[PDB]
Amino acid sequence: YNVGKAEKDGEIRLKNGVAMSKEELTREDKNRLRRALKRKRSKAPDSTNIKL
Amino acid sequence: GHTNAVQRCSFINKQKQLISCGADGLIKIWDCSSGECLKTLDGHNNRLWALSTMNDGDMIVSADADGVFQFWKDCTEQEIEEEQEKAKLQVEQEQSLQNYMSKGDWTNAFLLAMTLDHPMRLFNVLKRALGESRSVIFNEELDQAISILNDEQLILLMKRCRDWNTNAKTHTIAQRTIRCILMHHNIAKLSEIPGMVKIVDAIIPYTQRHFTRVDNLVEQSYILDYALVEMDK
Amino acid sequence: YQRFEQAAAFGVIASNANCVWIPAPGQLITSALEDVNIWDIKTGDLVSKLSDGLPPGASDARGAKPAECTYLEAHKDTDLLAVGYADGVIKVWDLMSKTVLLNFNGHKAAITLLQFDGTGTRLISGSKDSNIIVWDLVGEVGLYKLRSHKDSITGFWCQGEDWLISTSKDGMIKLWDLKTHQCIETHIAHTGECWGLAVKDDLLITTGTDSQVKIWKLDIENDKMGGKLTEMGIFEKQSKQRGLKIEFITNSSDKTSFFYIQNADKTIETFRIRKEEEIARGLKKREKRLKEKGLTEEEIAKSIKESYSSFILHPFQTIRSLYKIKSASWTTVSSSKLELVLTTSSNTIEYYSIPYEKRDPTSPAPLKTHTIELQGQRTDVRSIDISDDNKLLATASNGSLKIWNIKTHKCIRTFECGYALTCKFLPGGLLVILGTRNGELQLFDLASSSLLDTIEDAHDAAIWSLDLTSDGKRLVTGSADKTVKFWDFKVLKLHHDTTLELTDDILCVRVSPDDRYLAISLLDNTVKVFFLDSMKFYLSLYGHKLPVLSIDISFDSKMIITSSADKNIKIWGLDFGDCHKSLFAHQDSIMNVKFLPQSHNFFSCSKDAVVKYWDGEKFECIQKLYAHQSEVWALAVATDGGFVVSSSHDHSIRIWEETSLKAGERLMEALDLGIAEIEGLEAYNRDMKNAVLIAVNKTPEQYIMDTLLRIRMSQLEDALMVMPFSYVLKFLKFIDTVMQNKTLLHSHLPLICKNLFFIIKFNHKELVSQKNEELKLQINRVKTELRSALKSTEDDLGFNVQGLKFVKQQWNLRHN
């Protein structure tokens, strides 16, 4: 057995074995995690209107 | 959007909506302003020739060619009230949870983060609560709380402990939680729950790896005997 | 070249911000874009004007539009004013000195609400970025941030240091603990957004998007963990639009409490809070009415809860205005009357009084006793002009024509008109002619201060363009009826002369200074040139993707500019009609382009709120002028060229006048430092029998241990390998200190073990050399706790695996 992706759509589980519910994640943590993923992915006419 | 011929058409909710009957036996509720099917009711298996409405469509009566009547009752406000209460109860749970962590009421906090299904908090509940235990397995209150968990409640936890067990930096928290469950529950009931065995499959090898390790560390401790006996000389 | 500079701005009474009233009807402080007005309601004159400085156009001036003030808050006792700007900057102003005292920058978006504390030493700010920051005025620092709300902060209440209630655009109401900097309670105020919040003692009222108005009681000291806010009842206001502001006032003489709900529409709905005796009287009175109706005791009780809101609240009166209301505030409360002041979105201040006796008001409608309207225009200016003497500025807008003094900036005369589109002065500066959207031609006189003549049937559609010959006797006008009509002056009245029928709508008509050429812009993306003397077709220019918007001809009648909605300024030559150059001037449609007199340098204003001054020879933009907040509809140039005047969608008329430690080593000092604390702490003990650590705010053992984790494993062994022996002995002392801390060791037992073992291997022959008997005892203790600490772990591991195996077998037997 090896830890994989989230079964629930609202969770992030990393290969470290830590699962992350999006609800409890703070906004700043969510931002970096989104950026963290991105790095992983990256290398992988009318006269009146015209006048006025 | 109807598969077959539309036989009846009646307005409900003033000018806002329309209801139609089709030979397919499906009742489709549409929005007149947008012309989109908001809801589909399927209580019949044959063509529908009659449709009676009352109180702007609050009561809808549809008769089947087979001879079946469906008395549909509007309940939109009923459900909307339910979701509002669920959201309201939902909101109360986080705020109750967060304060519990700040106050240090871990035994109850275990219940809240579990119900909200919050891994970091849950992992944080057990981790620092265990630290207080260092200062039966965790404490009398939390241990009892673990006992009362139901089968699905138990399904969630060993999923987490399995994942935690894989990482050597976090296995120790997982092991004690597994220890608490085995000693505060009937193992016969555990084996009966579906999914335990497959989750239990993954826990054996990693636990053995941890057992093989640590045992080796105690070996490396015995360097110290050589220091004492030698430095005693 | 020489530089253009903003000499002065005017025409704004109240911008998109709140209004602060101060007692002497007294004065009112209102917003004018980047600057703040102080009006005198009685006289209706501007008392003082608060401007930071750095007028737009200076070399030091910034290259972007100034941030407009969004909220005004004044602390009456200390005579300080806090101004919040669209960029999230707070400037505390000295009202007497009319200068900035402090500058705070902690918000990334526009500020939504400011509030001084009762004592006036701390300031609370809410912004669109969903953060609340409490500033320390004396300390000039932000004490802390509250970051739970998920949208713009609409309102909040804090009348005591202990607690803060915050409302946000996410529909949420939150209670904060100022001593813990945490949110204590969380409830969904409304299904969508939450816009209003006013608190009086336990009573709390909030307004959502719809007409629903909720009621909450505030039991701060409940300490149940829930029900500090409990929803009591819901009452529906008359207005179906959102309620923006709610604010309470009490009458000292009678303790009578009133409030309003500022709606998004043109209505303010005032309410009264019934007294306990009235509620007790009303509760008894409603009981008999239901009882005589035959309702059961359980039915009547439920009915009271259903109508609970009605018992406390009494709709008092509704204020109706001619324009949408932007802000409101109570001015004075008395038994005789109740008075309010408000600002509309149409650039005016209105003052209302409500005479009342006991429960109900005396008059059917409120009394509008005062207004400030003369120094502004209700609608945006569509066209402006300058008199040939360069003293009078006439600004034609929808419904009114106002004329200003460029020096004193005070409107001299006002004239009611239709939907005015184009205005320009006549020679001598004594007459003005307007072209309305209704096809009407209106002529005005300043000395008579009245309209001379109106031609209702001048055109079948809007009079979009209008001009005059240099002699001033002949008029040329363009209209959407696809015609150009020539008119003359005969003693004064207008006579039709000739009609030139074109193929499409006409967007501009310009006459050359020499009266030889006439340029006519058409909706078919072309500009049509004639010979004025004979009206013979001369030239047609092509190249604009979108219809032309403004045409100007050089003073020498050689060069002509054409601006269009395609964001391009194209410069043409009348000799052949060739395009010498096309300039991508602005980011949006360009409204007006004017040559500077006696020169080919020209201007350009566009919808992107930028005024650009160009070189007519080098085809380069010499200067960018960022002063306006919105579209610049009109532009005019002085005859002498000394200044250029611009009016924008923001109701502002602006005049521009012419002027190292290696890894592992750090572990050595970090190790040594905490040790000295340990012996220092021990030194105090046998007697009974540092700065950095205090900044760290962790135990020396914690601080050393935190360092050890920080060291990377790849370099750990070598850092432990660089370790001096006498220093190594101290590391053993540290491990001892960890050992008395059982919990900390258990948290990080494995990492400690590897480091110890390597060190003992590292200096094994040195350790045996040491003969300190006390050092034996330190060694001995380290195990028996470590061995027990370890021994527990394998036992827990051993317990789990054995039972975990057993459960596996049982199921296997059951299923096999």
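Since every read-out is calculated from the coordinates, none of them should be taken as a lab result. Cβ coordinates were reconstructed from backbone atoms using ideal geometry, including for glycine residues, and neighbour counts include every protein chain displayed.
Ranked highest first by the average count of other Cβ atoms within 10 Å around their residues, in what order do C:308-321, C:623-636, C:286-299 fall?
Final packing ranking: C:623-636, C:308-321, C:286-299.
Could you rank the peptides C:579-585, C:384-390 by their average count of other C-beta atoms within 10 Å per residue, with the highest value first?
The densest-packed peptide leads the list: C:384-390, C:579-585.
Please give the average number of partner chain Cβ atoms lying within 10 Å of the Cβ of each residue in B:80-87, rounded to a whole number.
The mean count of partner-chain Cβ atoms within 10 Å per residue comes to 1.
Report the one residue of A:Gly4, A:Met20, A:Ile50 whose Cα lies farthest in the direction of the positive end of the charge dipole of chain A (charges on C-beta: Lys and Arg +1, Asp and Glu -1; origin at the Cα centre).
A:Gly4
Pick out, from B:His44, C:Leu72, C:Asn800, the residue whose Cα sits farthest towards the positive end of the charge dipole of the protein assembly as shown, with +1 on the Cβ of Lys and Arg and -1 on the Cβ of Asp and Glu.
C:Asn800
Only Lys, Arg, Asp and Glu count, each charged at its Cβ (+1, +1, -1, -1), so figure out the dipole size of region C:1-129 about its Cα centre, rounded to 20 debye.
About 180 debye.
A 22 angstrom limit on the alpha carbon distance is what I want to check against. Which of C:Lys275/C:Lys337; A:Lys15/C:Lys742; C:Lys326/C:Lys368; C:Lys284/C:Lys305; C:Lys285/C:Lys305; C:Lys214/C:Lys305 exceed it?
Exceeds cut-off: A:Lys15/C:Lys742.
So which of C:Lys128/C:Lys245; C:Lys662/C:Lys698; C:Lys65/C:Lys324 end up more than 18 Å apart, counting from Cα to Cα?
Table pairs above 18 Å Cα-Cα are C:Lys662/C:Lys698; C:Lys65/C:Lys324.
Place a +1 charge on the Cβ of each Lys and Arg in region C:263-417 and a -1 charge on the Cβ of each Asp and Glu, then give the dipole magnitude about the Cα centre in debye, rounded to the nearest 20.
360
Please list, or write none, the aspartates and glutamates whose alpha carbon is within less than 18 Å of the alpha carbon of C:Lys407, excluding same-chain residues fewer than 8 places away.
C:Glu5, C:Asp45, C:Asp385, C:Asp388, C:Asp389, C:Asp640, C:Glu657, C:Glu658
What does region C:725-816 give for Rg and for Dmax, in Å, if only its C-alpha atoms count?
Taking only Cα atoms of region C:725-816, I get Rg and Dmax of 19.4, 65 Å.
Please list, short to long, the whole-number percent of alpha-carbon pairs of chain C in consecutive 20 angstrom bins beginning at zero.
It works out to 12, 30, 25, 20, 11, 3, 0, in whole percents.
Enumerate by residue number the chymotrypsin sites (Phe, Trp or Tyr not before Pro) in region C:236-296 meeting two conditions: DSSP loop (anything except H, G, I, E, B), and at most 11 other Cβ atoms within 10 Å of the site's Cβ.
Sites meeting the loop and neighbour criteria: none at all.
Hey, with R₀ at 60 Å, roughly what FRET efficiency would C:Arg289 and C:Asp162 work out to, going by the Cβ-Cβ distance, to 0.05?
Calculated value: 0.90.
Positive end of the charge dipole of chain C (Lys, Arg +1 and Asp, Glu -1 on Cβ, about the Cα centre): tell me which of C:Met591, C:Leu137, C:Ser48 has its Cα farthest that way.
C:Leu137
Mind putting a number on the dipole of chain C about its Cα centre? Charges go on the C-beta only, +1 for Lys and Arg and -1 for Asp and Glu, and I need it in Debye to the nearest 20.
About 2540 debye.
Trypsin sites (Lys or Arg not before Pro), restricted to region C:34-70: which are DSSP loop and have at most 16 other Cβ atoms within 10 Å?
Counting only loop positions with at most 16 other Cβ atoms within 10 Å, the trypsin sites (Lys or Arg not before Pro) in region C:34-70 are C:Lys42, C:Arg62.
To the nearest 500 deg cm²/dmol, what mean residue ellipticity at 222 nm is calculated for the protein assembly as shown from DSSP H runs of n ≥ 4 alone, each contributing -39,500 (n - 2.57), summed and divided by the residues?
Rounded to the nearest 500, it is -9500 deg cm²/dmol.
Provide B:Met183, C:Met705, C:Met721 in ascending order of the number of other Cβ atoms located within 10 Å of each residue's Cβ, fewest first.
C:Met721, B:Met183, C:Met705
Checking the table B:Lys16/B:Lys39; B:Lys103/C:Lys733; C:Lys424/C:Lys482; A:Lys8/B:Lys189; B:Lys88/C:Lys174; C:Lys570/C:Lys594 against a 24 Å threshold on Cα-Cα, which pairs fail?
Table pairs above 24 Å Cα-Cα are B:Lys103/C:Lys733; A:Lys8/B:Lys189.
Within region C:125-214, report the trypsin sites (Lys or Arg not before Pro) that DSSP leaves as loop and that have at most 10 other Cβ atoms within 10 Å.
Within region C:125-214, the qualifying trypsin sites (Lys or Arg not before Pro) (loop, at most 10 other Cβ atoms within 10 Å) are C:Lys179.
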